[PDB]
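Each chain is listed here by its residues.
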Amino acid sequence: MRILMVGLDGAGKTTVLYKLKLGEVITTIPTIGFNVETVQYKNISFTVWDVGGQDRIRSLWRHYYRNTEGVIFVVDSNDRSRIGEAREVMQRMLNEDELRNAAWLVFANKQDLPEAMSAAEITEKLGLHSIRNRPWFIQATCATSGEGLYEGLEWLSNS
Amino acid sequence: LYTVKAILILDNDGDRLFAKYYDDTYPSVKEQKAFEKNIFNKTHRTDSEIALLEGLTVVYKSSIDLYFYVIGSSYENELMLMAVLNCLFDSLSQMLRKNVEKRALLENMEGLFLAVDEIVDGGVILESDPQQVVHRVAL
Amino acid sequence: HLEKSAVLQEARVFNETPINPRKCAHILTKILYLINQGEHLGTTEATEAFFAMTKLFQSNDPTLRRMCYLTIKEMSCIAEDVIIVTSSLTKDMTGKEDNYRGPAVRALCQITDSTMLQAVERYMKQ
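Residues numbered from 1 in each chain as written, not as in the entry; some residues may be left out. Chains lettered and ligands numbered in written order. Part of a larger assembly, values for the part shown. Heavy atoms only, no water. Residues with missing side-chain atoms left out of burial classes, pairs and counts.

- The deposited coordinates derive from cryo-EM, with the record listing a resolution of 17 Å.

- Chain C carries the name Coatomer subunit gamma-1 in the PDB entry, which gives Mus musculus as its organism.
- As recorded in the PDB, this entry has the title "The structure of the COPI coat linkage I".

- Labelled according to the PDB entry, chain B appears under the name Coatomer subunit zeta-1, originating from Mus musculus.
- Word for word, the UniProt comment on chain B under Subunit is "Oligomeric complex that consists of at least the alpha, beta, beta', gamma, delta, epsilon and zeta subunits."
- Its UniProt record gives chain B a comment under Sequence similarities, which states: "Belongs to the adaptor complexes small subunit family." (UniProt positions renumbered as here; feature names shortened; annotations may be inferred.)

Pasting the structure below:
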């Protein structure tokens, strides 16, 4: 399943990824020269695309299409800055329309002590309840804990 | 020093199914081919110790049914060049353990391509020691 | 003996879920053949290829790797993108054998931008 894990270079998405995937991590920069990775979970056979989002490519991040069906959208939770507004909305909407054919599960990262501004405000802002829509989960994490990881996958490995 | 102006792999039947023009100076694929017509044809089925066309060096190994070519400038050393000419020639031969034919090529098309890239890469000879090579590769 | 147009559509089939390493290898050979005798090239066709080639990378298979290099190597003066490759590239670089590494530089060199360069210098040092 082409499941796209998204976010920037510099996020430390990658850190997570291999933490999960390999057990072990790697730098807080998500990739520059991509990830395609395969994971069996629950012995079900999965492709992870991990994006160190970086702009030019970011622009092109649409860049591929076929066989799309699932989103890890990594967003950094505590990110007080790049998260919402035009960017957030735009990305979400665009993605949604383009591939209305895949569940969007957003991943909120390095929650540590959360350095956001309200779990509630944001979820709403994202129109998390614009829902009447595809399997969704809003999910909390600080990477080091991995505050919600296994469910994401688990609940996911639901059919 | 970028010796291969171009390299060509040729029929008995005076055609070329591989050529990698290390550098082009008269354009086209086409233009190469016309040249073949003269040159190959003329030469065809017979080789030289030395052969020249106009201050350029003409190099190459043959088979009864097949033709190998390298072009460089005749303005420079026969021996090495030969050594090379062979180096290829042998390597492949050895490698093959067989005389290439028309057969050889169809028999496995891939190997040529693969081969082609390793020694010379557009022009200069990177790779060599054919046995070495031969061993070196297999994958 | 054989013809390009059909093939051009068909190559992406390797990119289709299709598992049979051989099949695609062959098809690749042909492309190269078309090319070898002489072939038009261009962007659209490339771009579509750009997404097409790209997914295909859980391959371990070494030889599989070879094939790739060649193709990429084909794109140089008419080259398209590098960033994707970076990771990939990196992969050759960290990549155990020695081998992987040489092909990558080799495509890279007609084609590239100052910028990255710095980084890649280090690799050069090595």
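**A short note on the overall build of chain B**
Line of reasoning, step 1. Helix and strand counts for chain B stand at five helices and five strands.
Line of reasoning, step 2. Ordering the α and β elements of chain B from the N terminus gives β-β-α-β-β-β-α-α-α-α.
Line of reasoning, step 3. The C-alpha radius of gyration computed for chain B amounts to 14 Å, which stays within 12% of the reference 14 Å derived for 139 residues, consistent with globular compactness.
Line of reasoning, step 4. The C-alpha extent of chain B, read off along each of the three principal axes, is 40 × 30 × 30 Å.
Line of reasoning, step 5. Relative to all contacts within chain B whose residues are 6 or more apart in sequence, the contacts with residues 24 or more apart total 36%. (Helix = DSSP H or I, 4+ residues; strand = E, 2+ residues; numbered from the N terminus. Rg over C-alpha atoms; globule rule 2.2 N^0.38 Å. Contact = heavy atoms within 4.5 Å.)

**Here's the deal with the overall build of chain C**
Line of reasoning, step 1. Helices and strands together make up the secondary structure of chain C, namely eight helices and zero strands.
Line of reasoning, step 2. The order of helices and strands in chain C, counted from the N terminus, is α-α-α-α-α-α-α-α.
Line of reasoning, step 3. Across its three principal directions, the C-alpha atoms of chain C cover 45 × 30 × 25 Å.

**Concerning unusual backbone geometry**
Of all residues except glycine, most have a negative phi; of all peptide bonds, most are trans.
All names here are of chain A.
Line of reasoning, step 1. A positive phi is found at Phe34, a non-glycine position, where the angle reads about 40°.
Line of reasoning, step 2. Mapped onto the secondary structure, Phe34 falls in the loop between α1 (13–21) and β2 (35–41).
Line of reasoning, step 3. Positive phi is not limited to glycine here, since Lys42 has a value of about 75°.

**Describing the interface of chain A and chain C**
Buried accessible area, meaning the area lost when the parts come together, often serves as the stated size of an interface.
Line of reasoning, step 1. Contact residues are listed per partner, giving four residues for chain A and seven residues for chain C.
Line of reasoning, step 2. For the side of chain A that touches chain C, the per-class residue count stands at three nonpolar, one polar and no charged. (Nonpolar A, V, L, I, M, F, W, Y, C, P; charged D, E, K, R; others polar.)

**Some words on the pairing of strand β2 (residues 16–21) of chain B**
All names here are of chain B.
Line of reasoning, step 1. With five bridges connecting them, strand β1 (residues 6–11) and β2 associate as antiparallel partners. Counterpart to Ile7 in the pairing with β2 is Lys20.
Line of reasoning, step 2. Hairpin connection, β1 to β2: the antiparallel pair is bridged by four residues, and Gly14 has positive phi, about 55°. (Pairing = 2+ DSSP bridges.)

**Thoughts on the sheet that holds strand β4 (residues 68–76) of chain A**
Residues and elements named next belong to chain A.
Line of reasoning, step 1. Taken together, the six strands give an open sheet; going across it, the order is β2-β3-β1-β4-β5-β6, and neighbouring strands pair in mixed fashion. At either end of the open sheet lies a strand with only one pairing partner, and these are β2 and β6 (137–140). Geometrically, the sheet is characterised by an average inter-axis angle of 25° between neighbouring strands, direction not taken into account.
Line of reasoning, step 2. Pairing geometry for β4 and strand β5 (residues 103–109), over seven bridges, is parallel. Bridge pairing links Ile72 to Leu105 in β5. (Axes fitted to C-alpha atoms, helices over the stretch in contact; angles between N-to-C directions.)

**Things to note about the sheet that holds β2 of chain B**
Residue and element names in this part refer to chain B.
Line of reasoning, step 1. Read from one edge of the open sheet, five strands run β2-β1-β5-β4-β3, paired in antiparallel fashion. Each edge of the sheet is formed by a strand with only one pairing partner; in this case those strands are β2 and β3 (51–53). Between one strand and the next, the sheet's axes are offset by a mean angle of 20°, whatever the strand orientation.
Line of reasoning, step 2. Pairing between β3 and strand β4 (residues 56–59): three bridges, direction antiparallel. Residue pairing in the sheet places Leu52 in a bridge with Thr57 of β4.

**What about the environment of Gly72 of chain B?**
Line of reasoning, step 1. Mapped onto the secondary structure, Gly72 of chain B falls in strand β5 (residues 66–73).
Line of reasoning, step 2. Once the C-alpha coordinates of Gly72 of chain B and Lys102 of chain B are considered, the two residues, 30 residues apart in sequence, prove to be 26 Å apart.

**Some words on the pairing of β2 of chain A**
All names here are of chain A.
Line of reasoning, step 1. As defined by bridge partners, β2 adjoins strand β3 (residues 44–50) across seven bridges and the pair is classed as antiparallel. Each bridged residue has a counterpart across the sheet, and for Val36 the counterpart in β3 is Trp49.
Line of reasoning, step 2. Hairpin remark: β2 followed by β3, antiparallel, with two residues in the connecting loop; positive phi at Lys42, about 75°.

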